[PDB]
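Colleague: Structure: my_file_11.txt, compact mmCIF, C-alpha atoms.
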# COMPACT_ATOMS: atom_id res chain seq x y z
CA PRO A 1 5.85 -19.40 1.49
CA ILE A 2 9.20 -17.58 1.71
CA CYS A 3 11.19 -15.77 -0.95
CA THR A 4 14.84 -15.19 -0.01
CA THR A 5 16.09 -11.85 -1.32
CA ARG A 6 19.47 -11.01 -2.78
CA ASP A 7 20.52 -9.87 0.72
CA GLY A 8 19.39 -13.02 2.55
CA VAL A 9 16.18 -11.46 3.87
CA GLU A 10 13.16 -13.78 4.09
CA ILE A 11 10.03 -12.25 2.56
CA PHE A 12 6.88 -14.13 3.57
CA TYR A 13 4.04 -14.28 1.04
CA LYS A 14 0.70 -15.90 0.26
CA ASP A 15 0.29 -17.38 -3.23
CA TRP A 16 -3.20 -18.55 -4.07
CA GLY A 17 -4.73 -19.91 -7.24
CA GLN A 18 -3.74 -20.27 -10.85
CA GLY A 19 -4.05 -17.75 -13.67
CA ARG A 20 -2.59 -14.34 -14.52
CA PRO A 21 -0.87 -12.93 -11.45
CA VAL A 22 -2.21 -10.11 -9.34
CA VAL A 23 0.40 -9.02 -6.75
CA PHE A 24 -0.86 -6.97 -3.82
CA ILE A 25 1.38 -4.47 -2.02
CA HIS A 26 0.24 -3.48 1.45
CA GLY A 27 0.42 -0.21 3.40
CA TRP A 28 1.81 0.85 6.78
CA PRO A 29 1.81 -0.54 9.35
CA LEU A 30 0.12 -3.73 8.17
CA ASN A 31 1.03 -6.78 6.15
CA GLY A 32 -0.37 -9.07 3.43
CA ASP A 33 -3.28 -10.08 5.69
CA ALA A 34 -4.72 -6.60 4.84
CA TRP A 35 -5.60 -8.05 1.43
CA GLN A 36 -7.30 -11.37 2.23
CA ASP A 37 -10.70 -10.13 1.01
CA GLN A 38 -9.21 -9.07 -2.33
CA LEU A 39 -7.04 -12.17 -2.66
CA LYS A 40 -10.16 -14.38 -2.44
CA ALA A 41 -12.09 -12.13 -4.85
CA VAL A 42 -9.44 -12.29 -7.59
CA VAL A 43 -8.72 -16.02 -7.24
CA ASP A 44 -12.47 -16.81 -7.43
CA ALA A 45 -12.53 -14.80 -10.69
CA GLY A 46 -9.68 -16.90 -12.17
CA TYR A 47 -6.52 -15.04 -11.26
CA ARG A 48 -3.46 -15.98 -9.18
CA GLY A 49 -3.35 -13.73 -6.11
CA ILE A 50 -0.08 -13.04 -4.34
CA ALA A 51 0.51 -10.84 -1.28
CA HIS A 52 3.88 -10.43 0.40
CA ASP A 53 4.80 -8.95 3.76
CA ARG A 54 7.26 -6.04 3.49
CA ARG A 55 10.62 -6.56 5.26
CA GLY A 56 10.09 -6.03 8.98
CA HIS A 57 6.30 -6.61 8.81
CA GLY A 58 4.09 -9.66 9.29
CA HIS A 59 6.14 -12.86 9.05
CA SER A 60 9.05 -11.46 7.05
CA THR A 61 12.50 -11.08 8.68
CA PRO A 62 12.41 -8.49 11.48
CA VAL A 63 15.23 -6.45 9.89
CA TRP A 64 16.92 -3.35 11.17
CA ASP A 65 17.83 -1.75 7.89
CA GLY A 66 16.57 -1.08 4.42
CA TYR A 67 13.34 0.80 5.25
CA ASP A 68 13.51 2.87 2.05
CA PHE A 69 11.70 2.64 -1.28
CA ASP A 70 14.67 1.48 -3.36
CA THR A 71 15.09 -1.54 -1.05
CA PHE A 72 11.33 -2.25 -0.97
CA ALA A 73 11.23 -2.13 -4.79
CA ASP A 74 14.25 -4.46 -5.13
CA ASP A 75 12.68 -6.90 -2.66
CA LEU A 76 9.55 -6.83 -4.87
CA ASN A 77 11.80 -7.42 -7.91
CA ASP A 78 13.33 -10.47 -6.22
CA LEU A 79 9.85 -11.95 -5.56
CA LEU A 80 8.66 -11.38 -9.15
CA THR A 81 11.91 -12.78 -10.54
CA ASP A 82 12.05 -15.84 -8.25
CA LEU A 83 8.49 -16.81 -9.25
CA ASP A 84 9.19 -15.67 -12.83
CA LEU A 85 5.91 -13.79 -13.01
CA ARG A 86 4.77 -12.12 -16.24
CA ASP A 87 1.71 -10.11 -17.34
CA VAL A 88 1.32 -9.01 -13.74
CA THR A 89 -1.10 -6.48 -12.27
CA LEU A 90 0.37 -4.75 -9.22
CA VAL A 91 -2.21 -3.41 -6.77
CA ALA A 92 -0.90 -1.15 -4.00
CA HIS A 93 -2.39 0.60 -0.99
CA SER A 94 -1.05 3.72 0.78
CA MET A 95 2.77 3.69 1.09
CA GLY A 96 2.69 0.47 -0.99
CA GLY A 97 2.05 2.88 -3.91
CA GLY A 98 5.62 4.18 -3.43
CA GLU A 99 6.97 0.60 -3.67
CA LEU A 100 4.97 0.16 -6.90
CA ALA A 101 6.14 3.50 -8.32
CA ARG A 102 9.80 2.94 -7.45
CA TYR A 103 9.65 -0.61 -8.89
CA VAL A 104 8.55 0.90 -12.23
CA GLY A 105 11.25 3.57 -11.97
CA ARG A 106 14.06 1.11 -11.20
CA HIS A 107 13.09 -2.11 -12.97
CA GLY A 108 10.67 -0.96 -15.70
CA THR A 109 7.39 -2.47 -16.87
CA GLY A 110 8.54 -5.55 -18.80
CA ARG A 111 6.82 -7.98 -16.42
CA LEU A 112 3.73 -5.85 -15.97
CA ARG A 113 0.33 -5.60 -17.58
CA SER A 114 -1.30 -2.90 -15.46
CA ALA A 115 -1.30 -1.19 -12.04
CA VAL A 116 -3.76 -0.04 -9.41
CA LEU A 117 -3.00 2.70 -6.86
CA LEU A 118 -5.48 2.60 -3.98
CA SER A 119 -5.35 5.57 -1.57
CA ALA A 120 -1.67 5.84 -2.43
CA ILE A 121 1.03 8.33 -1.54
CA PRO A 122 2.36 9.42 -5.00
CA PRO A 123 3.33 11.86 -6.04
CA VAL A 124 4.55 13.40 -2.77
CA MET A 125 2.91 13.88 0.62
CA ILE A 126 4.82 16.66 2.35
CA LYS A 127 3.30 20.12 2.31
CA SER A 128 5.42 22.85 0.79
CA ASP A 129 4.90 26.05 -1.22
CA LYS A 130 4.80 23.87 -4.37
CA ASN A 131 2.30 21.41 -2.73
CA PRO A 132 0.03 23.48 -0.48
CA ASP A 133 -2.54 20.71 -0.08
CA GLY A 134 -0.01 18.24 1.32
CA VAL A 135 0.53 17.06 4.87
CA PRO A 136 2.39 19.34 7.29
CA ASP A 137 5.67 18.17 8.84
CA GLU A 138 4.13 18.25 12.34
CA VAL A 139 1.84 15.33 11.38
CA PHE A 140 4.78 13.08 10.48
CA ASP A 141 6.57 14.14 13.65
CA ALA A 142 3.47 13.13 15.64
CA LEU A 143 3.26 9.70 13.96
CA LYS A 144 6.89 8.94 14.79
CA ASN A 145 6.51 10.20 18.37
CA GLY A 146 3.39 8.04 18.81
CA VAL A 147 5.23 4.88 17.77
CA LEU A 148 8.14 5.70 20.09
CA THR A 149 6.00 6.66 23.10
CA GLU A 150 3.87 3.51 23.28
CA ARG A 151 3.24 1.76 19.94
CA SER A 152 0.48 -0.59 21.13
CA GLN A 153 -1.84 2.18 22.32
CA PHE A 154 -0.74 4.25 19.30
CA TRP A 155 -2.15 1.66 16.86
CA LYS A 156 -5.46 1.61 18.76
CA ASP A 157 -5.66 5.40 18.54
CA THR A 158 -4.53 5.53 14.89
CA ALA A 159 -7.18 3.04 13.76
CA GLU A 160 -9.84 5.74 14.33
CA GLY A 161 -8.38 8.06 11.69
CA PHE A 162 -7.34 5.20 9.38
CA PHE A 163 -10.99 4.09 9.00
CA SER A 164 -12.63 7.53 9.46
CA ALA A 165 -14.43 5.94 12.39
CA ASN A 166 -15.34 9.37 13.76
CA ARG A 167 -18.07 9.74 11.13
CA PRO A 168 -21.56 9.16 12.50
CA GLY A 169 -23.21 6.12 10.92
CA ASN A 170 -20.00 4.53 9.61
CA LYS A 171 -19.76 0.79 8.99
CA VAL A 172 -16.42 0.22 10.69
CA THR A 173 -16.54 -2.59 13.25
CA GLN A 174 -14.65 -2.91 16.49
CA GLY A 175 -13.20 -5.99 14.80
CA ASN A 176 -11.65 -3.82 12.04
CA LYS A 177 -9.86 -1.77 14.69
CA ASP A 178 -8.74 -4.85 16.58
CA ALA A 179 -7.40 -6.43 13.38
CA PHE A 180 -5.48 -3.23 12.55
CA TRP A 181 -3.80 -3.45 15.95
CA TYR A 182 -3.10 -7.20 15.52
CA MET A 183 -1.36 -6.69 12.17
CA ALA A 184 0.59 -3.65 13.46
CA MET A 185 1.98 -5.58 16.46
CA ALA A 186 4.02 -7.69 14.00
CA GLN A 187 5.89 -4.68 12.62
CA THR A 188 9.35 -3.84 13.97
CA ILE A 189 9.52 -0.57 15.91
CA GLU A 190 12.26 0.68 13.52
CA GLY A 191 10.08 -0.09 10.49
CA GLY A 192 7.26 1.76 12.28
CA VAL A 193 9.27 5.00 12.47
CA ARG A 194 11.54 4.78 9.38
CA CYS A 195 8.60 4.13 7.06
CA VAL A 196 7.10 7.49 8.16
CA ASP A 197 10.25 9.32 7.03
CA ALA A 198 10.16 7.41 3.77
CA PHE A 199 6.46 7.87 2.94
CA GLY A 200 6.17 11.46 4.14
CA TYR A 201 9.07 12.92 2.18
CA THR A 202 9.87 10.81 -0.90
CA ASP A 203 8.81 12.33 -4.22
CA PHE A 204 7.71 9.86 -6.89
CA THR A 205 6.80 12.37 -9.60
CA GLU A 206 9.61 11.24 -11.94
CA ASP A 207 8.81 7.57 -11.46
CA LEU A 208 5.13 8.18 -12.34
CA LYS A 209 6.13 9.70 -15.70
CA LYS A 210 7.77 6.35 -16.62
CA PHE A 211 4.47 4.43 -16.38
CA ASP A 212 3.42 3.10 -19.79
CA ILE A 213 0.79 0.57 -18.67
CA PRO A 214 -2.93 1.10 -17.92
CA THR A 215 -3.26 2.42 -14.38
CA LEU A 216 -6.31 2.82 -12.18
CA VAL A 217 -6.13 5.30 -9.30
CA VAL A 218 -8.84 4.86 -6.61
CA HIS A 219 -9.05 7.21 -3.60
CA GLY A 220 -11.64 8.09 -0.98
CA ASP A 221 -12.47 11.76 -0.44
CA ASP A 222 -12.68 11.30 3.33
CA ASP A 223 -9.15 9.90 3.57
CA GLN A 224 -7.77 11.33 6.80
CA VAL A 225 -4.30 9.78 6.29
CA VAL A 226 -3.39 10.40 2.61
CA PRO A 227 -5.13 13.55 1.34
CA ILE A 228 -6.85 13.04 -1.97
CA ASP A 229 -6.08 16.46 -3.44
CA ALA A 230 -2.32 16.19 -2.96
CA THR A 231 -1.98 12.55 -4.06
CA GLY A 232 -4.63 10.59 -6.05
CA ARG A 233 -5.96 13.63 -7.93
CA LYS A 234 -2.41 14.53 -9.00
CA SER A 235 -1.04 11.08 -9.81
CA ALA A 236 -4.05 10.51 -12.13
CA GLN A 237 -2.92 13.58 -14.09
CA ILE A 238 0.78 12.64 -14.29
CA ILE A 239 0.59 8.95 -15.11
CA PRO A 240 -0.02 8.66 -18.87
CA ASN A 241 -3.55 7.36 -19.64
CA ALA A 242 -4.50 6.79 -15.97
CA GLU A 243 -8.14 6.48 -14.87
CA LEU A 244 -9.29 8.05 -11.57
CA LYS A 245 -12.24 6.80 -9.49
CA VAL A 246 -13.12 8.98 -6.48
CA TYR A 247 -14.93 7.07 -3.72
CA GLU A 248 -17.24 9.63 -2.10
CA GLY A 249 -17.24 9.42 1.70
CA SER A 250 -14.62 6.64 1.87
CA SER A 251 -11.73 6.39 4.29
CA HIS A 252 -8.12 5.30 4.00
CA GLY A 253 -9.17 1.71 4.78
CA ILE A 254 -11.39 0.93 1.75
CA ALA A 255 -10.08 -2.64 1.25
CA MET A 256 -11.12 -3.73 4.77
CA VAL A 257 -14.30 -1.77 5.61
CA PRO A 258 -17.69 -3.42 4.94
CA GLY A 259 -19.46 -1.98 1.88
CA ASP A 260 -16.44 -0.18 0.50
CA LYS A 261 -14.46 -3.37 0.16
CA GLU A 262 -17.14 -4.91 -2.11
CA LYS A 263 -17.20 -1.74 -4.22
CA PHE A 264 -13.41 -1.91 -4.61
CA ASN A 265 -13.47 -5.62 -5.42
CA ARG A 266 -16.04 -4.92 -8.17
CA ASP A 267 -13.90 -2.11 -9.64
CA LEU A 268 -10.72 -4.19 -9.41
CA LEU A 269 -12.27 -7.15 -11.20
CA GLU A 270 -13.55 -4.88 -13.99
CA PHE A 271 -10.08 -3.34 -14.37
CA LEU A 272 -8.31 -6.72 -14.39
CA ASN A 273 -10.01 -7.55 -17.70
CA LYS A 274 -7.93 -4.72 -19.31
Would you mind writing the file out in structure tokens?

Modeller:
Amino acid sequence: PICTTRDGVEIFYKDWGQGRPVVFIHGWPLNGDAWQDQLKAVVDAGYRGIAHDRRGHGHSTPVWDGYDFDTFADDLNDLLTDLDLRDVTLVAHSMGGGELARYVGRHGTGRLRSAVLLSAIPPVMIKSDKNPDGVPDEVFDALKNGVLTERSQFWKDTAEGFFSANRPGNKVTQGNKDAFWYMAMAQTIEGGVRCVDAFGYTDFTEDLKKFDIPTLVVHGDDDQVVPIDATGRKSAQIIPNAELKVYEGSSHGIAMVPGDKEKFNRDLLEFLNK
């Protein structure tokens, strides 16, 4: 289905089931198909599962502008308002965690019950003297140059790090890598590069302090994209009352990789009863 935003943008989304709503917010450079395993899991447990495609991704309008967290959060606000959703759990992966954080910062928690941050970017990714465990600027430069040099090959090469597929004995399939590429080919090239600038450099520390709902932070300690020590370990300390679950040996692609995705589904379903 399509939600038309305040600006006339069409946001595509899946809306399955009946019950309290669980809204899933995907990472770069994918789309709501990155959550089909979790959407089935929550609807089979008696929840309504919704997953939208960010502007410029999947089947949403291939826009030029608005690749910034304030716009992503307002687009999320339009979807929650159009469907008049209440008592919602927002579940976000990777840069989707910035959309979730900025939604709380801008619109508050009146429609929300709880939140889940899976392998998410808050509080801030960029390395500096204040954040010595963050990601160096050269990495973000390299991501943007990869998308501009030849994006199709770049997604094939990036899938290796995304799933930590360099680890001997991993459970990542060739299919996982092919599906990563398939989802990424639907993203605009401008969303490809502008999202890097947004997720690398935006600081969500002040938004995190406004959380007043139960929050679960899950993060793998072999995440080669979003470093656990700079992000998940810190957001769990800033968000009031947050719980942290470290997934030993897990990559950045926990929701899609065999074995890890069942562990996450089990944790998510336990948390949803809160």

Colleague: Rank nothing, just name the residue among A:261, A:209, A:234, A:177 nearest to residue 157 of chain A, using only C-alpha atoms.

Modeller: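 With only C-alpha atoms as the atom set, the closest residue is A:177.
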
Colleague: Which polymer residues have any atom within 12 Å of an atom of residue 120 of chain A, counting only C-alpha atoms, with same-chain residues fewer than 6 positions away left out, as a PyMOL selection string?

Modeller: chain A and resi 25-28+91-101+199-200+204+216-220+223+225-236+252-254

Colleague: Work out how far atom CA of residue 102 of chain A is from atom CA of residue 64 of chain A, in Å to one decimal.

Modeller: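 So the two atoms, atom CA of residue 64 of chain A and atom CA of residue 102 of chain A, lie 20.9 Å apart.
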
Colleague: So how far away is atom CA of residue 11 of chain A from atom CA of residue 53 of chain A, in Å?

Modeller: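 Between these atoms lies a distance of 6.3 Å.
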
Colleague: Residues around (9.8, -12.4, -3.6), cut-off 10 Å, counting all atoms listed in the file - what are they as a ChimeraX atom specification?

Modeller: /A:1-6,9-13,50-54,74-84

Colleague: I'd like to know which of A:196, A:110, A:123, A:116 is closest to residue 141 of chain A, using all atoms listed in the file.

Modeller: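 Closest to residue 141 of chain A, using all atoms listed in the file: A:196.
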
Colleague: Could you tell me how far atom CA of residue 143 of chain A lies from atom CA of residue 169 of chain A, in Å and to one decimal?

Modeller: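 Taking atom CA of residue 143 of chain A and atom CA of residue 169 of chain A, their separation equals 26.9 Å.
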
Colleague: So which one's closest to residue 88 of chain A, A:272, A:153, A:144, A:134? Using all atoms listed in the file, please.

Modeller: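 Looking only at the distances to residue 88 of chain A, the closest residue turns out to be A:272.
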
Colleague: Which of these, A:240, A:32, A:192, A:161, has the shortest distance to residue 214 of chain A once you count all atoms listed in the file?

Modeller: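 Among the listed residues, A:240 lies closest to residue 214 of chain A.
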
Colleague: Around (-16.8, -4.1, -5.4) in the file's frame, which residues reach within 10 Å when counting all atoms listed in the file? Return as a PyMOL selection string?

Modeller: chain A and resi 38+41+255+259-270

Colleague: Just the residues within 6 Å of residue 57 of chain A, please, counting all atoms listed in the file, with nothing from its chain fewer than 2 positions along; format it as an MDAnalysis selection string.

Modeller: chainID A and resid 31 53:55 60 186:187

Colleague: Do a neighbour search on segment 46-49 of chain A at 9 Å with all atoms listed in the file, toss out local chain neighbours closer than 3 positions, and write the hits as a list in words.

Modeller: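 Skipping anything fewer than 3 positions along the chain leaves residues 14, 15, 16, 17, 18, 19, 20, 21, 22, 23, 24, 38, 39, 40, 41, 42 and 43 of chain A.
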
Colleague: With distances taken over all atoms listed in the file, which of A:221, A:72, A:35, A:66 is nearest to residue 164 of chain A?

Modeller: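 Comparing A:221, A:72, A:35, A:66 against residue 164 of chain A, the winner is A:221.
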